[PDB]
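Here the structure is laid out as structure tokens; the discussion comes afterwards.
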Amino acid sequence: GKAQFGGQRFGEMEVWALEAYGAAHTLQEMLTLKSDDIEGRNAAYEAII
Amino acid sequence: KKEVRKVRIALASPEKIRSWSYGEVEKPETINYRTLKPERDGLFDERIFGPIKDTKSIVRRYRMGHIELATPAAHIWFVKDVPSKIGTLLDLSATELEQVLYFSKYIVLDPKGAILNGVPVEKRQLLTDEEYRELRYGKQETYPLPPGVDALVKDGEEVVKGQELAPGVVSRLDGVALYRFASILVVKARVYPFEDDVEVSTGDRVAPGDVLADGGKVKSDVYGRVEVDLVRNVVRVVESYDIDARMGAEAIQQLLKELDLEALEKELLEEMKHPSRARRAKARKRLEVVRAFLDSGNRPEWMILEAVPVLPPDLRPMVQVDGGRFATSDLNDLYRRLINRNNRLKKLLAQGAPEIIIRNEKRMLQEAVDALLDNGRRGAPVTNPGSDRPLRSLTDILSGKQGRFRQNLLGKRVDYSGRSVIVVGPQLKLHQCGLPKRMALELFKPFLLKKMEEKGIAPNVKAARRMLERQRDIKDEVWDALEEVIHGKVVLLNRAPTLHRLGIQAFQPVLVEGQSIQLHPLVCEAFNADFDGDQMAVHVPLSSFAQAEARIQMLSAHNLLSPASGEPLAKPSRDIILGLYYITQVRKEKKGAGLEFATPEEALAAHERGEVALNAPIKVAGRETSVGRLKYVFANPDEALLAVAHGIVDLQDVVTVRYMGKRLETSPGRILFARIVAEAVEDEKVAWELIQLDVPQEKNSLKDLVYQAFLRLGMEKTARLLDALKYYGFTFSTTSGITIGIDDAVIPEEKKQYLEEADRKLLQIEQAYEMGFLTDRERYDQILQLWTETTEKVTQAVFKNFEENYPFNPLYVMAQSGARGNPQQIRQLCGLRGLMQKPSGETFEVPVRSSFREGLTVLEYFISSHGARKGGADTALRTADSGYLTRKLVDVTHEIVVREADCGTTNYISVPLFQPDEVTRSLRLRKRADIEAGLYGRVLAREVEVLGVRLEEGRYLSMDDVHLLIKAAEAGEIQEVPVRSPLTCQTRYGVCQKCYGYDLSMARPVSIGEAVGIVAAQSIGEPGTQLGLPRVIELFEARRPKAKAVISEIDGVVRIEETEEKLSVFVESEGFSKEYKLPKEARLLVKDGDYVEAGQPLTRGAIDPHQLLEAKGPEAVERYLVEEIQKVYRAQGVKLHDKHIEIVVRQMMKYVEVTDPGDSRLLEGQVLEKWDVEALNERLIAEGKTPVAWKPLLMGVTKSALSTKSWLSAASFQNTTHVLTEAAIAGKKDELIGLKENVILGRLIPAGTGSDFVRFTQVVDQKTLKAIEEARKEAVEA
Amino acid sequence: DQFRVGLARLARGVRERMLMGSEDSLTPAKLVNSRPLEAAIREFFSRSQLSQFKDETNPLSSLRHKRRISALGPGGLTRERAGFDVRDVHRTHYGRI
DNA sequence: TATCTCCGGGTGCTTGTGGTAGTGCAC
RNA sequence: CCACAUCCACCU
DNA sequence: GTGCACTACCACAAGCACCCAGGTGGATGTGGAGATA
Ligand SMILES: [Mg+2]
Ligand SMILES: [Zn+2]
């Protein structure tokens, strides 16, 4: 919000569209790596650096 | 290290609760205001949940507490659920007995009931506290006696009703009155004198025949207690024997302590097998619960909870807001209240025992526990007075439209994402999108940091981050590095309403200057995105695995055709269509001279001279050829286009051009379009043969062209052709100059007199009403018919005028092509918008004579505002209804994934090719669109040869095959096509490749591992928002229509009797006759004496699916459901394939209930496939021929979705409470099959890339493979 | 309406104070307290649904916001989720709405 | 005496209850 | 710190 | 062997819990009486 813009919604309709394709790893990282898994997101940030 | 495979949910024992928690909380003190540190052992204690200072604080996120209640309590879920699980395990009424026992002052008693109170032996009756408190201690009465007055009754006088104990004292019932000086004690007891030692002491309760005292001289006679008074040396025995006394949840516990499941199960079986279905219904209803406890382990003894768990503090934190004030979740308030009440109860029980106060406090504590567990089920506890907002309990956190399930199933927040307004991207290619450079730099920040660390921009990553934190340090080298980073990366663009699969699309970002996102025009229809201010979101996948996924199977260049049907979505849009129509149009003006040209060879010079003068125009309508074709002949298309560039001939001019092999009398515009197609693709012969250069390029022509190019060329060539078409359409629409003025809305003059004629007819009808010849309904129908006929006549006249006089009119040109507008809109602009619907649903009698070319009267505009408001409200609500339907379908169908070896299905469906009833009795060929939607992309069940061509069994039906079959059916060879269908597939969870079909975004057969269920649900639900719909709802959710049509269940003949009270239709057979009563409104469709079959609709109207299934069978009702669902979608012009509807219908009736029991109960319904496996195991695999005779049960979409083996999806779908309760009664080991469960757990999706068929695929290059194979063959010695 | 609600609250308060109070020469202070009525007025002017933020984008915006009529209100009169029957215009709206 | 702390609209479901016909006791 | 409630808008 | 009342079963009425599209931006709001310091 005031500090940073904040993340964009991914809802369920977007999830339904994403898994309607064969994309499974994209959904896996966008539900855990880029959304919630704190150790996962920290490790991913360090690895990308 | 081991992978998660199953998720089990069950009840938790008090031992489990104590094992979870680390200590107990006793103080209701959250946190002191002055000392920000935790106050005491309460809800935030330091040593009970872990260190608050940086193990990290995450331990406090997971450590749980517990509260040891001094009084047992029962979970509100197991007592207030609609099937009361405690109330159905025991023989207690759910609604009133259970709660009056569980809250109020009522007593249930198992052990002793032989005592008599006017009622025979008591076993488990519910009796009020008053009558039990009486029969506990006999029948006691007390009478004070005034001092100084001696009553006439002594200490041992038996007293009956009416006896005067004194000059003013009289009793009321039989008993014994003991006298004192100073009172009278009336007891219902028997007194026995004795003079020897006592055998039974004071306090013991005795049974008849037992020795009381004095040896065998004195013995007990009735149940009761013995009291010995040595003042008169007498033993009194009351008629109240030792009987238990229990109240509250603790009492319930005792019941659950003494209940054994095996004996109850055997008794239920015995008392269910014998009687009729009336009792056996509830018998099996409770027997299933008993078996659920028995087979699942956990006993119901701990079904009520003794120790209440306490959530970790960070899950219910208290946060400073401003100026020291604390914002806290309602969880802390509920926990504080429960702790305070439990402490008060402990203190009260410790100090003293005032029974009524103790009981009130017990009720209060029970209510507090229930309110904590779930708020609203009994009363409405609220926050501090002044804010009437009910407290949020655990159930509110779990359930609701905004609950834990609907915030973790969705991943509501993403790191690498942004959003911005979208603008048109005409210079972009179809596989590209324009990304603003600032948001692109921000989104790719870690990649940019790594890239500039690779070079010498910054020493370390901290320096790079502080360089990029302030925009005044931006440099051209940073932009070059950013461009280098995103050379191969792709980003996912998304529109806020994601109706179907194409709402997410991958693109190759191109750095642009500005704030908006540049979007390719051709994807303006895949998304429902115009450029009137709407915004779109962008996401950046990180892993190379996800990058490959997005670039391969989500790139916009690879998705050109719909998943709902074969119609392309990357078709040329409005402006491109307009430009291509303008360039490929032929104009004709007038013929002024003798058109005869075929015969005279000297006429060429004469007509050339005539064209030199004004005798004949260049595009003259001659007999054989125009003078334009004679005057100009071009050796090559290049010469013709060069002559056009010199202004000699326009692109809309008829002319003879020598093409590669023939002389064509065409226009240079058509030749240029053909050349555009031929250069967009490589070869020119194929391009020439896949176009039709004899007609204007309407939108249907462009769609067919795109489909043919995709079929015969592939992916890249189709995309290049689309790009070329878009570019040239833009250029020629710009140079052609299409403009709309007020004079372009030409009003035909003939329509004028048309109105007059109608007006005259109107007047006639008016006088026809004043003579009494017509009724109000008849007059209204006549007026409506007249106006709706003259409206169509005016539309026809308008279009005829446009064709005849102004072929190049912008409105007419846009209407003919697929650019914009409809004939109704063009009529409203130029003709008249006559009929306007009333808010009541009918139509106004007075039409609107004027149009928008003219000026509407105030009344006409006020009338049209009605329709405007109706449309707005209808959109704003039907969108919500369609969304709910889509969610239902997705959740019910989400488990269908094509995982398969080709199933040995010797079954199929015969798709009809003729409409069975368009007139009362007639057969005609179905429409081409319906046949294509029913046959295209299917697999032939068996070989069929129809027109000298052998269509082999197992061959996918392409579009050409569908056309051939339609032509053959027109010729009259075949009427039904036997094809495979998902409805007959034998796959466990999903459908096989053959039984599914051939239609996809591509044309090739479906790949194994694709989640066809979700795309099917999306395809069905997407048109609903742009749509009737209640009919779709009542078909998908199997219901009983209000206008039910009577159907017959057995073959016979029809006997109609026209009794005025109610028509009687008789189905007459050889051995019996059935009778049906049809009211006056029952407008039937059968004739007397006609043969009638089972399931044939006797009357016209909707057919209830359940009775149809009972009558004909599963296949017939499946076909009826599919056809009825397709009917409404066809009526709205939506082209939707039948594969998705068949998937949903198969998932709708995948349940059967058995009639002849095997190893389970009879009247229970579950999966058809499980019963098939059980039958195969019972009959063949194992010994014992026990036929499990079942019948298929058809249930709605909601019921099918709710009743599933996996409890995670059911809990997350509709109702967490009931589903979780059912999955808690019996330990439900949720196998992680289905996509919703894996989304919940966040693991790899079983569909798509995660399918075990393709999940692991070892990849090695040539040299490593050669080395390891050399190792292999050297292991094979010699 | 909000003022008379506050006045009724003040009337209940003064009745209770008189019931508790013994003597009589206490009219100024020991009878009426400004807290209930002032609190009611402030609540109405701050947290009510019809008392809403002014839209001063331009003079026309402010004027239109000043002359808007709402079917909604406190909540017991009209509510969001189901209002389909009353959303349509009426034949009497001519010249008035 | 001051500050702190207590004082709906629609659908599926279940249940019920008089109605209604099979069956038990009297003509 | 961002919790929740209320209101006004924008895109379907 | 039939006339009469009886009791288990069925259609109808009533009470009740549960549903009610997705996304974004902005704005303002979150205590009064008793009891003890
Ligand atoms: Mg828009
Ligand atoms: Zn199959």
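Chain labels run A, B, ... following the order of the structure tokens; each chain numbers its residues from 1, and ligands are numbered from 1 in the order shown.
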With a distance cut-off of 10 Å and only C-alpha atoms (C1' of nucleotides), select the neighbouring residues of residue F:29, excluding the residue or stretch itself and same-chain residues fewer than 2 positions from it, and output the selection as a list in words.
->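 The residues that qualify are residues 43, 46 and 47 of chain C; 5 and 6 of chain E.
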Print the selection's residues with N, CA, C and O atoms (P, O5', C5', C4', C3', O3' and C1' of nucleotides) to a file, as a PDB file, in the first residue's frame.
ATOM      1  N   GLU C  43     -21.912  11.043  15.737  1.00  0.00           N
ATOM      2  CA  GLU C  43     -21.984   9.759  15.050  1.00  0.00           C
ATOM      3  C   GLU C  43     -22.763   9.878  13.748  1.00  0.00           C
ATOM      4  O   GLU C  43     -22.357   9.321  12.721  1.00  0.00           O
ATOM      5  N   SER C  46     -20.605  11.745  11.193  1.00  0.00           N
ATOM      6  CA  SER C  46     -19.330  11.130  10.853  1.00  0.00           C
ATOM      7  C   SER C  46     -19.464   9.745  10.237  1.00  0.00           C
ATOM      8  O   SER C  46     -18.920   9.498   9.157  1.00  0.00           O
ATOM      9  N   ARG C  47     -20.173   8.825  10.892  1.00  0.00           N
ATOM     10  CA  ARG C  47     -20.166   7.421  10.503  1.00  0.00           C
ATOM     11  C   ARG C  47     -21.458   6.968   9.834  1.00  0.00           C
ATOM     12  O   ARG C  47     -21.630   5.767   9.600  1.00  0.00           O
TER      13      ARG C  47
ATOM     14  P     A E   5     -15.286  -6.584   6.751  1.00  0.00           P
ATOM     15  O5'   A E   5     -16.094  -5.287   7.200  1.00  0.00           O
ATOM     16  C5'   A E   5     -17.012  -5.337   8.284  1.00  0.00           C
ATOM     17  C4'   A E   5     -17.437  -3.954   8.706  1.00  0.00           C
ATOM     18  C3'   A E   5     -17.958  -3.059   7.595  1.00  0.00           C
ATOM     19  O3'   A E   5     -19.315  -3.315   7.281  1.00  0.00           O
ATOM     20  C1'   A E   5     -16.391  -1.863   8.896  1.00  0.00           C
ATOM     21  P     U E   6     -19.822  -3.236   5.760  1.00  0.00           P
ATOM     22  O5'   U E   6     -20.011  -1.676   5.508  1.00  0.00           O
ATOM     23  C5'   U E   6     -20.797  -0.891   6.390  1.00  0.00           C
ATOM     24  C4'   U E   6     -20.573   0.581   6.161  1.00  0.00           C
ATOM     25  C3'   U E   6     -20.589   1.033   4.713  1.00  0.00           C
ATOM     26  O3'   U E   6     -21.896   1.178   4.188  1.00  0.00           O
ATOM     27  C1'   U E   6     -18.730   1.986   5.807  1.00  0.00           C
TER      28        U E   6
END
Taking only C-alpha atoms (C1' of nucleotides) into account, report as a list in words which residues of chain B lie within 9 Å of chain D.
->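 Therefore, the residues near the partner are residues 82, 83, 384 and 385 of chain B.
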What residues in stretch 535-653 of chain B get the DSSP label strand (DSSP E)? Please answer as an MDAnalysis selection string.
-> chainID B and resid 535:539 633:634
Enumerate as a list in words the residues belonging to chain C that approach chain B to within 10 Å, with only C-alpha atoms taken into account.
-> residues 81, 82, 83, 84, 85, 87, 88, 89, 90, 91, 93 and 94 of chain C
Name the residues of stretch 1043-1198 of chain B that fall into helix (DSSP H, G or I) according to DSSP on the backbone, using the chain letters and numbers of this document, as a ChimeraX atom specification.
-> /B:1105-1111,1114-1131,1138-1148,1168-1181,1197-1198
Env. residues ligand 2 / 8 Å / only C-alpha atoms (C1' of nucleotides) and all ligand atoms / as a list in words = residues 900, 902, 903, 904, 905, 980, 981, 982, 984, 985, 986, 987, 991, 992, 993, 994, 995 and 996 of chain B
Within 6 Å of ligand 1 (only C-alpha atoms (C1' of nucleotides) and all ligand atoms), residues as a list in words |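 I would give the residues around ligand 1 as residues 529, 530, 531, 532, 533 and 534 of chain B; 11 of chain E.
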Emit the selected residues as a PDB file, in the first residue's frame, including N, CA, C and O atoms (P, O5', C5', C4', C3', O3' and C1' of nucleotides).
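Written file, again01.pdb:
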ATOM      1  N   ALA B 529     -10.991  -7.249 -23.815  1.00  0.00           N
ATOM      2  CA  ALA B 529     -10.315  -5.998 -23.495  1.00  0.00           C
ATOM      3  C   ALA B 529     -10.392  -5.050 -24.683  1.00  0.00           C
ATOM      4  O   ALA B 529      -9.761  -5.287 -25.718  1.00  0.00           O
ATOM      5  N   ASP B 530     -11.164  -3.981 -24.529  1.00  0.00           N
ATOM      6  CA  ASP B 530     -11.109  -2.845 -25.435  1.00  0.00           C
ATOM      7  C   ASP B 530     -10.064  -1.864 -24.905  1.00  0.00           C
ATOM      8  O   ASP B 530      -9.242  -2.206 -24.052  1.00  0.00           O
ATOM      9  N   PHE B 531     -10.066  -0.639 -25.415  1.00  0.00           N
ATOM     10  CA  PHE B 531      -9.117   0.380 -24.986  1.00  0.00           C
ATOM     11  C   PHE B 531      -9.836   1.623 -24.478  1.00  0.00           C
ATOM     12  O   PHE B 531      -9.459   2.754 -24.790  1.00  0.00           O
ATOM     13  N   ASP B 532     -10.887   1.424 -23.683  1.00  0.00           N
ATOM     14  CA  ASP B 532     -11.647   2.520 -23.101  1.00  0.00           C
ATOM     15  C   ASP B 532     -11.234   2.826 -21.664  1.00  0.00           C
ATOM     16  O   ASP B 532     -12.007   3.448 -20.928  1.00  0.00           O
ATOM     17  N   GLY B 533     -10.041   2.403 -21.250  1.00  0.00           N
ATOM     18  CA  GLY B 533      -9.552   2.667 -19.911  1.00  0.00           C
ATOM     19  C   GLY B 533      -9.343   1.446 -19.046  1.00  0.00           C
ATOM     20  O   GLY B 533      -8.972   1.596 -17.877  1.00  0.00           O
ATOM     21  N   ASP B 534      -9.571   0.245 -19.569  1.00  0.00           N
ATOM     22  CA  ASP B 534      -9.363  -0.963 -18.785  1.00  0.00           C
ATOM     23  C   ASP B 534      -7.876  -1.230 -18.589  1.00  0.00           C
ATOM     24  O   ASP B 534      -7.035  -0.826 -19.395  1.00  0.00           O
TER      25      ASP B 534
ATOM     26  P     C E  11     -15.339   2.676 -17.007  1.00  0.00           P
ATOM     27  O5'   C E  11     -14.764   1.207 -17.209  1.00  0.00           O
ATOM     28  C5'   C E  11     -13.422   1.014 -17.623  1.00  0.00           C
ATOM     29  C4'   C E  11     -13.018  -0.436 -17.545  1.00  0.00           C
ATOM     30  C3'   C E  11     -14.019  -1.439 -18.087  1.00  0.00           C
ATOM     31  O3'   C E  11     -13.998  -1.529 -19.501  1.00  0.00           O
ATOM     32  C1'   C E  11     -13.133  -2.210 -16.027  1.00  0.00           C
TER      33        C E  11
END
Near-residue C:68 list (12 Å; only C-alpha atoms (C1' of nucleotides); drop same-chain fewer than 5 positions) as an MDAnalysis selection string | chainID C and resid 50 52 54:55 61:63 97
Separation of atom CA of residue A:31 from atom CA of residue A:15 in Å =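 Those two atoms sit 9.3 Å apart.
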May I have the residues within 10 Å of residue B:739 as a count of residues only, using only C-alpha atoms (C1' of nucleotides) and disregarding those fewer than 2 positions away in the same chain?
-> 7
Using only C-alpha atoms (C1' of nucleotides), which residues of chain F come within 9 Å of chain B, and what is the closest atom pair for each, with the distance in Å to one decimal? Give it as a Markdown table, sorted by chain and residue number.
| residue | atom | partner | partner_atom | distance |
| --- | --- | --- | --- | --- |
| F:9 | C1' | B:278 | CA | 8.2 |
| F:17 | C1' | B:82 | CA | 7.9 |
| F:18 | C1' | B:1215 | CA | 8.4 |
| F:19 | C1' | B:1214 | CA | 8.6 |
| F:20 | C1' | B:880 | CA | 7.8 |
| F:21 | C1' | B:880 | CA | 4.1 |
| F:22 | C1' | B:497 | CA | 4.8 |
| F:23 | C1' | B:496 | CA | 4.7 |
| F:24 | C1' | B:535 | CA | 8.4 |
| F:30 | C1' | B:387 | CA | 8.8 |
| F:31 | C1' | B:386 | CA | 6.8 |
| F:32 | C1' | B:386 | CA | 8.8 |
Pick out the closest residue to chain C from this set: F:1, F:16, F:11, F:28. Count only C-alpha atoms (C1' of nucleotides).
->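 Closest to chain C, using only C-alpha atoms (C1' of nucleotides): F:28.
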Using only C-alpha atoms (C1' of nucleotides), which protein or nucleic acid residues come within 7 Å of residue B:618? Drop anything in the same chain fewer than 3 positions from it, and give the result as a PDB file with N, CA and C atoms, in the first residue's frame.
ATOM      1  N   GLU B 611     -17.268   4.496 -74.578  1.00  0.00           N
ATOM      2  CA  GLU B 611     -16.595   4.794 -73.320  1.00  0.00           C
ATOM      3  C   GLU B 611     -15.733   6.046 -73.414  1.00  0.00           C
ATOM      4  N   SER B 626     -17.361  -6.107 -69.282  1.00  0.00           N
ATOM      5  CA  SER B 626     -17.370  -4.657 -69.201  1.00  0.00           C
ATOM      6  C   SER B 626     -16.268  -4.075 -70.079  1.00  0.00           C
ATOM      7  N   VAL B 627     -16.413  -2.789 -70.408  1.00  0.00           N
ATOM      8  CA  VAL B 627     -15.400  -2.124 -71.217  1.00  0.00           C
ATOM      9  C   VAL B 627     -14.084  -1.985 -70.466  1.00  0.00           C
ATOM     10  N   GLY B 628     -14.109  -2.066 -69.134  1.00  0.00           N
ATOM     11  CA  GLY B 628     -12.866  -2.041 -68.382  1.00  0.00           C
ATOM     12  C   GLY B 628     -11.998  -3.254 -68.657  1.00  0.00           C
TER      13      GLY B 628
END
Any idea which chain B residues end up within 8 Å of chain A if we count only C-alpha atoms, as a count of residues only please?
-> 48
Which value, in Å to one decimal, gives the distance between atom CA of residue B:470 and atom CA of residue B:423?
->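 If I compute the distance from atom CA of residue B:470 to atom CA of residue B:423, I get 27.9 Å.
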Quick one: residues within 8 Å of residue B:338, only C-alpha atoms (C1' of nucleotides) counted, chain neighbours fewer than 6 positions away excluded, as JSON, numbers by chain?
-> {"B": [365, 368, 369, 372]}
